[PDB]
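**Q** File follows, entry.cif with mmCIF, C-alpha atoms and all ligand atoms:
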data_structure
loop_
_atom_site.label_atom_id
_atom_site.label_comp_id
_atom_site.auth_asym_id
_atom_site.auth_seq_id
_atom_site.Cartn_x
_atom_site.Cartn_y
_atom_site.Cartn_z
CA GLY A 1 -8.38 -6.39 -12.58
CA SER A 2 -4.81 -5.62 -11.62
CA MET A 3 -1.22 -6.80 -11.94
CA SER A 4 -0.45 -10.03 -10.17
CA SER A 5 2.54 -8.94 -8.17
CA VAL A 6 3.67 -9.27 -4.59
CA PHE A 7 6.48 -6.80 -5.16
CA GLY A 8 6.53 -3.12 -5.94
CA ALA A 9 9.02 -1.22 -8.07
CA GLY A 10 12.12 -1.56 -5.96
CA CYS A 11 11.97 -4.19 -3.27
CA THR A 12 15.01 -5.33 -1.34
CA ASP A 13 16.41 -8.85 -1.39
CA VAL A 14 15.27 -8.93 2.22
CA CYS A 15 11.73 -8.74 0.84
CA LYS A 16 12.60 -11.56 -1.53
CA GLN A 17 13.34 -13.68 1.58
CA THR A 18 11.14 -16.51 2.81
CA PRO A 19 9.59 -15.75 5.13
CA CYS A 20 9.81 -12.06 4.35
CA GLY A 21 12.77 -10.70 6.24
CA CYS A 22 11.66 -7.06 6.27
CA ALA A 23 9.81 -7.86 9.48
CA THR A 24 13.06 -9.02 10.97
CA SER A 25 15.71 -6.92 9.24
CA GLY A 26 13.77 -3.77 8.50
CA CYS A 27 11.91 -2.61 5.44
CA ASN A 28 13.38 -0.49 2.59
CA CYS A 29 10.92 -1.05 -0.26
CA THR A 30 9.04 1.30 -2.58
CA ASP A 31 5.51 2.80 -2.41
CA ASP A 32 4.23 0.13 -4.80
CA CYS A 33 5.14 -2.83 -2.60
CA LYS A 34 2.11 -5.16 -2.87
CA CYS A 35 3.51 -7.17 0.00
CA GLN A 36 0.86 -7.15 2.75
CA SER A 37 3.45 -8.78 5.04
CA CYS A 38 6.43 -6.41 5.34
CA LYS A 39 4.76 -2.99 5.35
CA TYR A 40 2.12 -4.18 7.82
CA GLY A 41 2.15 -2.93 11.38
CA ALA A 42 3.21 0.59 10.48
CA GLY A 43 0.67 1.05 7.73
CA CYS A 44 -2.46 -0.89 8.39
CA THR A 45 -4.77 -2.04 11.08
CA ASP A 46 -6.57 -5.25 11.99
CA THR A 47 -9.72 -3.58 10.70
CA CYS A 48 -8.36 -3.21 7.14
CA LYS A 49 -7.25 -6.81 6.58
CA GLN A 50 -10.76 -8.05 7.49
CA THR A 51 -11.42 -8.38 3.75
CA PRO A 52 -12.71 -6.59 1.92
CA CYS A 53 -12.28 -3.99 4.60
CA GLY A 54 -13.83 -3.17 7.95
CA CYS A 55 -12.48 0.36 8.13
CA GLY A 56 -14.55 2.14 5.50
CA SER A 57 -15.76 5.34 7.15
CA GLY A 58 -14.24 4.22 10.45
CA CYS A 59 -10.56 3.67 9.80
CA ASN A 60 -7.89 2.87 12.39
CA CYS A 61 -4.84 2.47 10.15
CA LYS A 62 -1.44 4.05 10.39
CA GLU A 63 -0.47 5.87 7.19
CA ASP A 64 1.39 3.28 5.03
CA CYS A 65 -1.94 1.95 3.74
CA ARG A 66 -2.35 0.96 0.10
CA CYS A 67 -6.08 0.50 0.27
CA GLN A 68 -8.46 2.94 -1.41
CA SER A 69 -11.41 1.63 0.57
CA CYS A 70 -10.60 3.38 3.83
CA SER A 71 -8.06 5.94 2.64
CA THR A 72 -9.47 9.24 1.44
CA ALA A 73 -9.99 9.98 -2.24
CA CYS A 74 -6.88 11.27 -3.88
CA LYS A 75 -6.81 14.51 -5.78
CA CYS A 76 -5.78 12.50 -8.79
CA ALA A 77 -7.80 13.46 -11.85
CA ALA A 78 -7.18 14.69 -15.41
CA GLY A 79 -3.53 13.66 -15.24
CA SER A 80 -2.98 14.61 -11.62
CA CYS A 81 -1.18 11.44 -10.48
CA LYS A 82 2.46 12.59 -10.56
CA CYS A 83 3.83 9.45 -8.92
CA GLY A 84 4.14 7.88 -12.32
CA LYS A 85 1.32 5.39 -12.10
CA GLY A 86 -1.14 7.71 -13.72
CA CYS A 87 -4.23 6.32 -12.09
CA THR A 88 -5.82 9.76 -12.00
CA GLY A 89 -8.49 8.66 -9.57
CA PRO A 90 -8.97 6.72 -6.30
CA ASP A 91 -10.76 3.85 -8.05
CA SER A 92 -7.79 3.33 -10.32
CA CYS A 93 -5.26 4.17 -7.64
CA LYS A 94 -3.16 1.37 -6.23
CA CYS A 95 -0.74 3.56 -4.27
CA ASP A 96 -0.46 4.37 -0.53
CA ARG A 97 -1.43 7.34 1.67
CA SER A 98 2.10 8.65 1.74
CA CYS A 99 2.91 8.24 -1.94
CA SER A 100 3.99 10.90 -4.42
CA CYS A 101 0.41 11.62 -5.52
CA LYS A 102 -1.00 11.59 -2.02
CD CD A 201 9.01 -5.20 -1.25
CD CD A 202 7.86 -8.06 1.52
CD CD A 203 9.78 -4.37 2.58
CD CD A 204 -4.88 -0.51 5.69
CD CD A 205 -8.66 -0.61 3.99
CD CD A 206 -7.88 1.75 7.44
CD CD A 207 -3.50 8.96 -5.88
CD CD A 208 -2.26 6.36 -8.30
CD CD A 209 0.82 7.21 -6.34
#
The structure given in the file should be rewritten as structure tokens.
Ligand SMILES: [Cd+2]
Ligand SMILES: [Cd+2]
Ligand SMILES: [Cd+2]
Ligand SMILES: [Cd+2]
Ligand SMILES: [Cd+2]
Ligand SMILES: [Cd+2]
Ligand SMILES: [Cd+2]
Ligand SMILES: [Cd+2]
Ligand SMILES: [Cd+2]

**A**
Amino acid sequence: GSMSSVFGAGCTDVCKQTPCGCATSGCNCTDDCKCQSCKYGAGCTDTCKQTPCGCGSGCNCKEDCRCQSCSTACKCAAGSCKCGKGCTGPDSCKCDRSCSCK
């Protein structure tokens, strides 16, 4: 129940590479980047990618995490998701822990 995208809202051509070059040439993408490959390392942990997630109440991520399973519930509610997504809730949120809302 989500958009089938591997990109965010402003990815570089380096992200459009193959393999993804952001892990070689640096990352410069947006907070919506659904690319588990470039933003990894400085955002996640080996406990998050376990699928669904092994973090839960025992997280070991960085901060650039886009998962709402281990990240704490946003204060988004009643139109309080100013990033522009407008999820207004952690369950609807698909942003990261350092986004505009959070
Ligand atoms: Cd990207
Ligand atoms: Cd990428
Ligand atoms: Cd990137
Ligand atoms: Cd994570
Ligand atoms: Cd997680
Ligand atoms: Cd985590
Ligand atoms: Cd949020
Ligand atoms: Cd959101
Ligand atoms: Cd957001």

**Q** Residues at most 12 Å from residue 27 of chain A, counting all atoms listed in the file, excluding those fewer than 2 positions away in the same chain, as a PyMOL selection string?

**A** chain A and resi 10-17+20-25+29-31+33+35+37-42

**Q** Give me, as a compact mmCIF listing (two decimals) with C-alpha atoms, in the frame of the given file, the set of residues whose atoms come within 8 Å of any atom of ligand CD 208 (chain A), counting only C-alpha atoms and all ligand atoms.

**A**
# COMPACT_ATOMS: atom_id res chain seq x y z
CA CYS A 76 -5.78 12.50 -8.79
CA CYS A 81 -1.18 11.44 -10.48
CA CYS A 83 3.83 9.45 -8.92
CA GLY A 84 4.14 7.88 -12.32
CA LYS A 85 1.32 5.39 -12.10
CA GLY A 86 -1.14 7.71 -13.72
CA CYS A 87 -4.23 6.32 -12.09
CA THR A 88 -5.82 9.76 -12.00
CA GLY A 89 -8.49 8.66 -9.57
CA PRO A 90 -8.97 6.72 -6.30
CA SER A 92 -7.79 3.33 -10.32
CA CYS A 93 -5.26 4.17 -7.64
CA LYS A 94 -3.16 1.37 -6.23
CA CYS A 95 -0.74 3.56 -4.27
CA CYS A 101 0.41 11.62 -5.52

**Q** Can you check which parts of chain A lie within 8 Å of ligand CD 204 (chain A)? Per residue, the shortest pair of atoms and distance in Å to one decimal, counting only C-alpha atoms and all ligand atoms, sorted by chain and number, as JSON lines.

**A**
{"residue": "A:43", "atom": "CA", "partner": "A:CD204", "partner_atom": "CD", "distance": 6.1}
{"residue": "A:44", "atom": "CA", "partner": "A:CD204", "partner_atom": "CD", "distance": 3.6}
{"residue": "A:45", "atom": "CA", "partner": "A:CD204", "partner_atom": "CD", "distance": 5.6}
{"residue": "A:47", "atom": "CA", "partner": "A:CD204", "partner_atom": "CD", "distance": 7.6}
{"residue": "A:48", "atom": "CA", "partner": "A:CD204", "partner_atom": "CD", "distance": 4.6}
{"residue": "A:49", "atom": "CA", "partner": "A:CD204", "partner_atom": "CD", "distance": 6.8}
{"residue": "A:61", "atom": "CA", "partner": "A:CD204", "partner_atom": "CD", "distance": 5.4}
{"residue": "A:62", "atom": "CA", "partner": "A:CD204", "partner_atom": "CD", "distance": 7.4}
{"residue": "A:63", "atom": "CA", "partner": "A:CD204", "partner_atom": "CD", "distance": 7.9}
{"residue": "A:64", "atom": "CA", "partner": "A:CD204", "partner_atom": "CD", "distance": 7.4}
{"residue": "A:65", "atom": "CA", "partner": "A:CD204", "partner_atom": "CD", "distance": 4.3}
{"residue": "A:66", "atom": "CA", "partner": "A:CD204", "partner_atom": "CD", "distance": 6.3}
{"residue": "A:67", "atom": "CA", "partner": "A:CD204", "partner_atom": "CD", "distance": 5.6}
{"residue": "A:70", "atom": "CA", "partner": "A:CD204", "partner_atom": "CD", "distance": 7.2}
{"residue": "A:71", "atom": "CA", "partner": "A:CD204", "partner_atom": "CD", "distance": 7.8}

**Q** Give me, please, the distance in Å between atom CD of ligand CD 206 (chain A) and atom CA of residue 80 of chain A, quoted to one decimal.

**A** 23.5 Å

**Q** Which of these residues is nearest to residue 74 of chain A, using all atoms listed in the file: A:18, A:3, A:96, A:8?

**A**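 Ranking A:18, A:3, A:96, A:8 by distance to residue 74 of chain A, first place goes to A:96.
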
**Q** Which of these, A:69, A:2, A:79, A:91, has the shortest distance to ligand CD 205 (chain A) once you count only C-alpha atoms and all ligand atoms?

**A** A:69

**Q** Edge lengths and centre, in Å to one decimal, as lines of an AutoDock Vina configuration file: that's what I need for the box along x, y and z that holds all listed atoms of segment 15-33 of chain A plus 4 Å on each side.

**A**
center_x = 10.0
center_y = -6.9
center_z = 3.1
size_x = 19.5
size_y = 27.3
size_z = 23.8

**Q** Considering only C-alpha atoms, state which residue in the set A:4, A:54, A:59, A:9 is at the smallest distance from residue 28 of chain A.

**A** A:9

**Q** In Å, how far is it from atom CA of residue 55 of chain A to atom CD of ligand CD 206 (chain A)?

**A**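 Atom CD of ligand CD 206 (chain A) lies at a distance of 4.9 Å from atom CA of residue 55 of chain A.
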
**Q** Please compute the atom CA of residue 36 of chain A-atom CA of residue 7 of chain A distance, one decimal, in Å.

**A**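 Taking atom CA of residue 36 of chain A and atom CA of residue 7 of chain A, their separation equals 9.7 Å.
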
**Q** Please determine, counting all atoms listed in the file, which residue among A:51, A:99, A:46, A:34 has the shortest atom-to-atom distance to ligand CD 201 (chain A).

**A**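 Smallest distance to ligand CD 201 (chain A) is found for A:34.
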
**Q** Using all atoms listed in the file for the distances, tell me which of A:52, A:1, A:6, A:26 is nearest to ligand CD 201 (chain A).

**A**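 Once distances to ligand CD 201 (chain A) are computed over all atoms listed in the file, the minimum belongs to A:6.
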